[PDB]
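Before any questions on binding or motion, here is one chain by itself as structure tokens, the form deposited without the partner chain.
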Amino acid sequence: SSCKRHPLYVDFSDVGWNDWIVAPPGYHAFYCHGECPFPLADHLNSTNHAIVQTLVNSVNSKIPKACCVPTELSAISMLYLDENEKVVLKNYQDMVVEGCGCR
């Protein structure tokens, strides 16, 4: 079962952050997971390295396969509390998986 994006919602209340994050109450973060087989198909955006490494793996088992990771990521905004406790608006980069590939 090959590398792809899966759902993940992170509810701030569930992980106990609800008391410094004023908003949003949570968000869709997604994650990446699954095999990086050979050959690496186009929709895995693999790097030359991930590809070389994948071939090396089939011939030397001691060398791990490419891993399935975020490959494009988007930001989100939050309202949180300063080290000194009080409403602050920050843009958090690389919070949301847009796409996954083998790297």
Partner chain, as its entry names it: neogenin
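Positions refer to the first chain, counted from 1. Rigid core: the largest C-alpha set superposing within 1.5 Å between the two forms.
Absent from the display: the form solved in complex with the partner chain. The rest refers to it.
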{"query": "Contact set, 46-69 vs the partner chain in the bound PDB entry - heavy atom within 4.5 angstroms", "finding": "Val59, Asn60"}
{"query": "Residue from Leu81, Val10, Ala23, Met95 whose Cα, after superposing the rigid core, lies 2 Å or more away between this form and the one not shown", "finding": "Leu81"}
{"query": "Rigid core superposition, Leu44 Cα moves 2 angstroms or more between this form and the one not shown", "finding": "yes"}
{"query": "Direction of C-alpha distance change in the bound PDB entry, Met95 to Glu83 (at least 3 Å)", "finding": "farther"}
{"query": "Cα-Cα shift for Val52 and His43, closer or farther in the bound PDB entry, minimum 3 Å", "finding": "closer"}
